[PDB]
Amino acid sequence: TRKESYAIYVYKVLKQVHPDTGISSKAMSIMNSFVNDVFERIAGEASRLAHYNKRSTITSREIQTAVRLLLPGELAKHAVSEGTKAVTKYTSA
Amino acid sequence: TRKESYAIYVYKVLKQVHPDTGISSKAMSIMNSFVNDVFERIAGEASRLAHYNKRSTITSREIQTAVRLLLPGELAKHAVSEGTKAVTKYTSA
Amino acid sequence: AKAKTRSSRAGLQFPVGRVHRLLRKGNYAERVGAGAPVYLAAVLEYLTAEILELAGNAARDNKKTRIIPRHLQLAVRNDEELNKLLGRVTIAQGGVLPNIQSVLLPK
Amino acid sequence: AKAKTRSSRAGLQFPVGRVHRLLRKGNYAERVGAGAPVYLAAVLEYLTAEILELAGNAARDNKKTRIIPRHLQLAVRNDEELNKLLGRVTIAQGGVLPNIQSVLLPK
Amino acid sequence: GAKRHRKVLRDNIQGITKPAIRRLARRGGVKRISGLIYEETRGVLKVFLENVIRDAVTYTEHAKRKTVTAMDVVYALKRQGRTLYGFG
Amino acid sequence: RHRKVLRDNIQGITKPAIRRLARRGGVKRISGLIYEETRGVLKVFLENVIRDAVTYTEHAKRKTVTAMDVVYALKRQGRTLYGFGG
Amino acid sequence: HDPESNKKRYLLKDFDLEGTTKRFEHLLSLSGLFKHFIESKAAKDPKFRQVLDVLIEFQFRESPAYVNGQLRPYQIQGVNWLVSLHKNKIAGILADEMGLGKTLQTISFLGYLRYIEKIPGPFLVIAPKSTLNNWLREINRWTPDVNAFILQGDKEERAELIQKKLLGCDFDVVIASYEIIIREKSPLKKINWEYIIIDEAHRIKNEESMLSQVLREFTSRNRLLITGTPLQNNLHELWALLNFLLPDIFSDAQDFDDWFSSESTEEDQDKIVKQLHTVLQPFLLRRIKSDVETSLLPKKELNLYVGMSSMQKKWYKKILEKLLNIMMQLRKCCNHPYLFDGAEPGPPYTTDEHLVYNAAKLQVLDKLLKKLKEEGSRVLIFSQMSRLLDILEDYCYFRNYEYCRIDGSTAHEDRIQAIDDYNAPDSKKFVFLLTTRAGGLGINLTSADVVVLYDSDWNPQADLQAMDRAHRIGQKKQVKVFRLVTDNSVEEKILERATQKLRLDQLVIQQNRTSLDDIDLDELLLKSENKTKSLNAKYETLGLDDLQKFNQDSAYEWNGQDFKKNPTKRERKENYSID
Amino acid sequence: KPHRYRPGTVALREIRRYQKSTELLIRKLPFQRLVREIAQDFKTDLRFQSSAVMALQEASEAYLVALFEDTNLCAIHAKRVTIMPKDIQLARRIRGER
Amino acid sequence: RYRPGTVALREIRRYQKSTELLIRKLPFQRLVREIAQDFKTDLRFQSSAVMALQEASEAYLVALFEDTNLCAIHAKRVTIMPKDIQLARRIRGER
DNA sequence: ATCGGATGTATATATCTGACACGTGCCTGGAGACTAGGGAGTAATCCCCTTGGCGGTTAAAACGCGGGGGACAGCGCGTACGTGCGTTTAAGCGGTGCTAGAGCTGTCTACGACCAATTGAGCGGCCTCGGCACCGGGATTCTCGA
DNA sequence: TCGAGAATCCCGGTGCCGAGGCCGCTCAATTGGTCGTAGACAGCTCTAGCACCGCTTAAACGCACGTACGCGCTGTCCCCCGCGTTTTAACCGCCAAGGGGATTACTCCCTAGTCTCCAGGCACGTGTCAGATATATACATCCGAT
Ligand SMILES: Nc1ncnc2c1ncn2[C@@H]1O[C@H](COP(=O)(O)OP(=O)(O)O)[C@@H](O)[C@H]1O
Ligand SMILES: [Mg+2]
């Protein structure tokens, strides 16, 4: 009966952004649906993008191009920067 | 080199529904893109439908449901009739 | 052991083997059934014939033999079902349906 | 040796391994890279941090200390680009931004 | 007597009472409402409901069930392009 | 390339062309302030589609914008185009 | 005494072994089997075990002087029993028959509590709404010098009473209805409640009723239950009553079940019944209805085993094979086929004899009604579905008799007007249609003499109440119950289950108070009565362990059942010419 | 003569109080009956979950609120303040439904 | 001399019957490759790319003008004005 | 109403150019073993559904009425468009050259897939105690007739 | 024009319920090792995109003038809103019994995938003709002024 969800991760992000602020169950479910929806959008865009170029791997470059295509304007660049940051850190250890 | 296309089959259908007319090259390109678009929509809907139900295979049942779910009104029932006709004729051979 | 195409067995005109390959290599599912390509090819053939007969009728109404994108646009837009199916689609070198609002006409 | 989660390795809060599994099982491509889950998890974390901060500010404005769907709706619809991202979405138990046309107001 | 012919049970669409449409219009932000709005609103609501429920029933019938779930309605709405957050 | 970048090309979408588009759209009488609005909306639409097409072509490590790139951009924007491949 | 002074005693401005020790001391004077429950809930609840480890006679012969008028001797013994129960730190339920008089006994007990040991309240009385007024009168009539109020009305009236008298403590009795008790618990949760009295304790049967939980949230120094019939259908409801009455003792449902019911011992019989009689004797008091009254003559209950009609058989078999989503549909078909949509032949509709012969039960019903019309009686059909009751009303019109219908949708003033006009002196009112579970208990159909249960209920208590609607104190001529049953059908199953429930009730509770085409109706009646005697002789000698078997022989079968039951080319556009 | 509010000053108060709350403005039971009636015309003998009806109600109410916003815009565009069926039809036709 | 409105209707009937493009090719190509330089330097365009852009653009403009005409008619006029375009775009969801 | 123009609208003829037919080959779809795992079927089970009916509360909804203000029609007018003429001016095509820059072919290597054990992380069940909802009550503010 | 009057808001108090710590388990992530095979780089080729550049010539532009349409103002109904009964339907709480769908666990079988060959089907490159322009050309067919 185990059901995976992004509840604890959303809670951790909230408690590192607003250290003293809770969240109701309905708001948590809305946040989980939002995360799932955005994940599906980006993954689908990257999948189609890789299919266009006759590739078989979804790599970080496809994810960057997809997030650049979807997220509007000034919201994209920050996200893009964040992504690159993580990858660099991840490839240092 | 050797770009695949649907021209030959569309022409074979045309010379059985209107066996005197012709078709221009631009019209052939439009028909080819239309066939590709409809194929992609039906296949994507079927894949998502199979993913919802935890199945790992695409069968005639998912294709039938996707057809009933994308085409409007009478087109859906006519397409379903044609598909079941073809499947029952195929399995008996 | 003579080879018979699956299209011949199913009595269709569209290719079943090509549709099977496109389904398999398109990353739609882990496995693909046997009747799925047949059913999908039959549906595609039906839709193509349905649109293409209306296009031919429109071509004949304009005293023409070969159909051009204008006839396809007329056939799609005049028919309610296909106009709903291709609602968000623009057709190259098409046009518009002849339609003038009645208020604009002279009295 | 000693285990280290890829999330902590990349300094993230979202699960990199779970994202990798959902990416392989979702039938998106035959293969997935090694940095794709990291990049996607970082992007998701950034977006959720943005929306959560806006919602927390909105909730604080109402003198309340829990986030409720009203605050999420109010935070999303008040940011133009976050609202472009979620233009076609409806938030259950959300509402409508206070908006009265100036023509309707008393003279 | 002939009372075995109970009643029409007038109509369920008339259950969407005029005050309900007025409240929805107020939330939309309108000041005055013509008397003929209450029929057009019921018509458009019924059309939208049929469109959504057809897809929901198709989804729940493919799954070989007999109980329409919240997830089925969510899938139907997403298919129509009206993504709904808060139900899974 | 380096082709002596120009200006006022939005004025190249001239008044008679907008009038012809309006006549095809079924418009009988046209106000005189409508041309600037038409130019503005045209510029916005072109900017969006071209931005998406340029992103698609940059991802492929190319320098030439192809018709398929424009078709993909339009499809992503919900404006499917038939007749240029795909 | 004084309002302000009384505020110190009523309002609660602030493991209770203190009275528990004495309770157990007196209770263990009986058989040690009583401690069994305790010796269970000492392992589960060690903190309450601290009592088991360590371990006035007031006859009140004559009627109380303070009460007005004389008091009947059996009610005298009732109040004696109540006083004895009080002076033991225990509580019991009173289960006298309806019409024998219980409110008088309770108010005399309250007069005792106020005048002999001097505790003027507080007292809470919970009663059905229709009964509420019928309290104040007696409170004002038998012991006038006591104040009480009904605590009823809309939000404004109730809130005004709460602020004015309840919190003001200008009261002794706060008689209030069930829904009001649920509505305002917070203002009523702090009175410290010397006693709580629940008339018609049938409502407090389900342990998880909202009313049940609300009452368990109260604080009372002692409780009491008034009910006409405990143990209506099952046993577990009796345990629920006892648990509410004494929560420190009957605290484990599974104990009471497994010890007696949930696992029936391989013992034959006649031991566990003595166990139960010993257990319940100190707690439950009951008297036979016919004990001290005489007059009313016993009821001549009868069965009519009607067959079934051709259309009725066709429809019933149609139902058996598989828009219809319950077994109760079968009950509809054996009741009257016209309830289904389409049974009526022809979209023009008539009211001639074309329906009497189409229904099996109504044929015999018509024959009996005619025989009584040229015999001079009055009937009280108690069908269970208002829709069939409507069909029967249309029948009554066709045959040209006089209606009187009181369903569950009949307004209160219409209810009382119908009761008055029918109960009036000589009048043209032959039949009185009424649905079995309607009117509560304040209906007084004493004028008529013949009752026809058109259908049978799941629990026989409802049918007993229907019978008491005409067999109460008053009507003194004859009573004739004429329940109709369709043989070879699910009605047999329902009748069997009802009979087994009634027999279980007779065994458990009714043994303590001992020490305390036309069918030629004559031959049909003879064979039906013979079959009734057959079932009685069959099932009277059955065992207690079998009484709870609930054989549940499926009626879905009944005869042998396996439990298994072009393209059209579209419209096309005509002309495609641009011109 | 009891005080009386001028026509249109209670409409504004209703506007600004219903546009601040979040609750559903349609009664639950009538909507549930309507949903069941519509559904039983597609395939007989369906049953719903409470959550399905709730989600469907949220979606429909959001749809109607958006439609009424566009209707108000259409009415104001025509130098009016009263919304009329012409406006609903124009909004729906522009929006793409019909 | 004709009266105002006759020639407008003749042009309406003329341009709803033809299928070609109503914008000159060089002006549109110059506009496209001026806009595109805001996103990447030294970009080359195939002819087919500019042709697809032009056809999509003209289809969009015609579809917008139909809604503008309907809005102006709804407001009891026959002349389309900028507020009609703004209302159509706002209702359709673009603004 | 009738007549004088301007404009589509049929009608015949020449073109060409785009569609149709025909020859090659290569690559992909079909035939035939072999296999294993996905899915169909069986069976507990159990929690929640079904229908028919009852009792009571309490807001919401329905109906009636008065009266204000808003829509709708009509009139006047005065700009702002449409229509027709001359005159340039910029598109559209043919022609030319240059070369970046897509597109195809070979190698190999670094990187993802697969597999076996292991273990921490995440999910389910449970308890409780603060945050938010509800209810006076008191003050504030906007409204509407003077 | 100010003085009631009504509605809203902001404070206290309950009180109750659900969010948020806390504990057990089990099962996906992680680590380590082996193994193909995408794709990345290097190389070669030939193709079309960039850049002018002249001719032509057809549309764009500026200009006049003269209707007619958009806008503003005025009257007049009429219809919708605000307010006051009062009636009913939603909404709980109940009763009575089924049985019926949805959800875990096992079992196994048959239908996919994976190979290995090997011939036809289809895509590319050609070489023809007839269907649709383009001009003219005469005909019929609205529009507008008397
Ligand atoms: N002096 C009296 N002694 C005993 N009973 C009396 C006396 N006076 C009246 N009664 C009866 O006591 C009855 C109370 O019983 P009832 O009202 O049926 O309720 P319940 O059945 O719950 O006791 C009344 O009907 C009334 O007729
Ligand atoms: Mg009584």
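In the block above lies the structure referred to throughout.
Residues numbered from 1 in each chain as written, not as in the entry; some residues may be left out. Chains lettered and ligands numbered in written order. Heavy atoms only, no water. Residues with missing side-chain atoms left out of burial classes, pairs and counts.

A. Summary view of the sheet that holds strand β10 (residues 450-451) of chain G. All names here are of chain G. Pairing is parallel across the open sheet formed by 3 strands, whose spatial order is β7-β11-β10. Each having just a single partner strand, β7 (302-306) and β10 make up the two edges of the open sheet. Seen against the sheet, helix α19 (residues 490-508) touches β7 and β11 (480-486) and runs at an angle of roughly 135 degrees to β11. (Pairing = 2+ DSSP bridges. Helix = DSSP H or I, 4+ residues; strand = E, 2+ residues; numbered from the N terminus. Contact = heavy atoms within 4.5 Å. Axes fitted to C-alpha atoms, helices over the stretch in contact; angles between N-to-C directions.)

B. The arrangement of the interface of chain D and chain A in detail. Taken together, the 54 residues of chain D in the interface contact 55 residues of chain A. Taken over both partners, the interface formed by chain D and chain A buries close to 4,900 Å², and the fraction arising from carbon and sulfur atoms is 73%. Across the pair D:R18 and A:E4 runs a salt bridge, and its minimum N-O distance is 2.5 Å. Top element by residues in the side of chain D that touches chain A is helix α3 (residues 36-61) of chain D. It accounts for 18 residues. (Buried area = accessible area lost by both parts, 1.4 Å probe. Salt bridge = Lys/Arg side-chain N within 4 Å of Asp/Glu carboxyl O.)

C. Looking closely at the packing of aromatic side chains. The full count for this structure, using the stated rule, is 34 aromatic pairs over all chains. The interplanar angle of 75 degrees and the centroid separation of 5.4 Å between the aromatic rings of G:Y556 and G:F563 together place this pair among those described as edge-to-face. Given the relative accessible area of 53%, G:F563 is considered exposed. Counting every residue linked through ring pairs, the aromatic cluster contains G:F34, G:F37, G:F250 and G:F283. Over the aromatic face of E:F87 sits the side chain of A:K26, whose NZ or CZ is 4.8 Å from the ring centroid. Geometry around G:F430 places G:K373 over its ring, the cationic atom sitting 3.7 Å from the centre. (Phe/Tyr/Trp six-rings, centres within 6.5 Å; stacked < 30°, edge-to-face > 60°. Buried < 20%, exposed > 50% of the residue type's maximum accessible area, 1.4 Å probe, protein only. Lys NZ or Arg CZ within 6 Å of the ring centre and 35° of its normal.)

D. Local environment of the protein's contact with DNA strand K. In the vicinity of DNA strand K, 94 residues are found, and the nearest of them are A:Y11, D:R66, G:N459, G:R497 and H:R4. A breakdown of the atoms of DNA strand K within 4 Å of the protein gives sugar and phosphate a share of 97%. Within the backbone of F:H2, a nitrogen or oxygen atom sits 3.0 Å from a phosphate oxygen of DNA strand K. Within the contact set of DNA strand K, a phosphate oxygen lies 3.2 Å away from a side-chain nitrogen or oxygen of F:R20. (Near = heavy atom within 4 Å. Polar contact = N/O pair within 3.5 Å; in protein donor to acceptor, adjacent residues only side chain to side chain.)

E. Seen up close, the packing of helix α4 (residues 74-91) of chain B against helix α3 (residues 35-61) of chain C. Following both chains from N to C, one finds α4(B) and α3(C) inclined at 135 degrees, their axes separated by 8 Å at the closest point. When the axes of α4(B) and α3(C) are compared, the pair comes out oblique. Here α4(B) and α3(C) pass one another in a crossing that is right-handed. Contacts between α4(B) and α3(C) involve B:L75, B:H78, B:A79, B:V80, B:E82, B:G83, B:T84, B:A86, B:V87 and B:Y90 from the former and C:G35, C:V38, C:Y39, C:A42, C:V43 and C:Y46 from the latter. Within the contact of α4(B) with α3(C), the residues separate by chemical class into 11 nonpolar, 4 polar and 1 charged. (Parallel < 35°, antiparallel > 145°, perpendicular 65-115°, else oblique. Left-handed = near helix turned anticlockwise from the far one by under 90°. Nonpolar A, V, L, I, M, F, W, Y, C, P; charged D, E, K, R; others polar.)

F. Structural view of the interface of chain C and chain D. Contacts between the two partners involve 4 residues from chain C and, on the opposite side, 4 residues from chain D. Across the chain C-chain D interface, the total number found is 0 salt bridges. At the boundary of chain C and chain D, one finds 0 residue pairs in polar contact. Residues of the side of chain C that touches chain D, tallied by class, amount to 2 nonpolar, 1 polar and 1 charged.

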